[PDB]
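Two forms of a single protein chain come next, each set out by itself as structure tokens; they are called structure 1 and structure 2.
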Structure 1
């Protein structure tokens, strides 16, 4: 594998291409509360929905602040389109920098997300224009590769993973149409099936602290090394992406927990999950779904190559994650079939979701990597070791 083309730093245009009449390019400054609000306004009403128009992802302003001003970020990579007259923000596309490992080669990339066009401007071929412009801004800063996900099929996906959903408040999810009541059942039986213990079981389990950063950093990168495609975490990235800062962040977005061994007092495990609401588009009884998403995790047990033992360890840890997520009043716990997740998704009663999330690399060729599933789109322990990066 390797890059597809070499970019000529001399030929990168200093000026952007033209836009549809009445619109103009605009760099967003997300340290400005009004501009953060503008992006949130756009996304809230125009970002990704399900195919039945029942739900729309509802990234919080705190989430956007977190996701988009990560270590190394540049405002030049927060790209907006405005209406010239009204000044209204009508489109966005965003990137942040990170390093990834693609089959043992380290690569500097941008992670691309929050591509969004106002519904009234759809189907006008603006998306290629947005893509080309963020590409140009990246090129100017010496970045020539990207990684991203999408639910739509685009040329040469590097992998695909299925969505999985673990009901925490099943009744909530029933009343919003998220979860069905099967023909043969009752509310009580569904609540029974999804019931969770009142307390966690892993000994030594506690919220991650800043003092844990170095140890979690070491453990995480050793664990992610087990995957063909993975994120090459820096220390500042562990701090930013895993350690909630309550003093300066009003609405918590990231939860992290470590296992401090009772005997050695070393960190032997950790897991984490983030808060991403969905808007319930039209419902009498509810306005939102409060969802938690599984993010990064690691365990020393992985390094024995004893899959039964890894399976056992993950079943306990991930059930603890559910209980903690429930305690934090999340309605549902979501995950993908990446990492070692096929080892626990079905047994801990995650229900299979619809379709796949596809993973893409820009300007980089590599062989497809396994995404946790077989040909039937079902979790498969023999199809792991592939995708070791979670994106937002």
Structure 2
């Protein structure tokens, strides 16, 4: 594939477009505590819900700091819209830079996320305006392509992946309306079915440390290179995205490595992050604590023995579940991307209603497989496609 259009630097406007009357553009500075708080206030009450308005994402302030001030970040790519009078933040749209590989052409992109409009301003076509404005700011900085994901179908997705959910506290999930009771089953059977071992099995599993950064970087890059569409990690990005710094307020990222008991080389790693959802108007529960499978890698993949890879992943990911369960998560979420179809059904992940659609701006490439077939069920012959995860 390649770029759709070339942008003329000479022609990029130095001024933003008009906004709806009574509103103005505002660059957010998320190193200001009070500004990070305003973003959090906006997302907490207006960001992504399920269709039934039972749950809303509640990215924490630590999470917002981590996701939005990643290497190369610029405050210019954190775009707010404020009410002119009250100064209230009523919309946002954000970018951070990264590099991605699209069938072996590397591209400098922004990843767009945290598009949000206050409920009272919805269905006024402010979205195109937000998009066009962040687009202008990216073009002024020499960035002309983007990748983004959404839970909704929009023109020309590059891929689509299904959400899967492994219950950790099945009864809590039942009570909030997250997890159904299967037709002929009972709650006891579901509780029994979701039990997990009390201890991990992979020899040499331990938390990731800073000293592991270069090795993990090498291993993740080799492994991600197996996917048509992947994120091309830098060392700083591995540092930022994979290593928790206990000095955030509230841990966001959990990373574990496998140090081979004999060679002491790291041969595997996996990571998962913390994203809670507000439970809406339920007097007995206000929260679902989800862990999401993030990046991982294993040397076993380079053998191209799909059976040995499966085996290894069943072991590593069951350990990920045990760990998430010890860390008090209520559910573990994963998508059908990476080599995830190899283990999802076997580790008792249930199929979700949600889908994650992947999109590129200003770049054309052939559709990429998303780990599912025509029935939207996991498919080991439709992997090797999506090797990027967005937050």
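We call the rigid core whatever largest set of C-alpha positions still superposes within 1.5 Å between the two forms. Residue numbers count along the first chain shown, from 1.
Superposing the rigid core between structures 1 and 2 leaves a single residue from 207, 203, 210, 182 with a C-alpha shift of at least 2 Å: 182.
In this core superposition, residue 355 moves its Cα by 3.9 Å between structures 1 and 2. Here the two forms are laid over each other by their core, and the C-alpha of residue 158 is off by 0.2 Å between structures 1 and 2. Relative to the superposed rigid core, residue 285 shifts its CA by 1.1 Å between structures 1 and 2.
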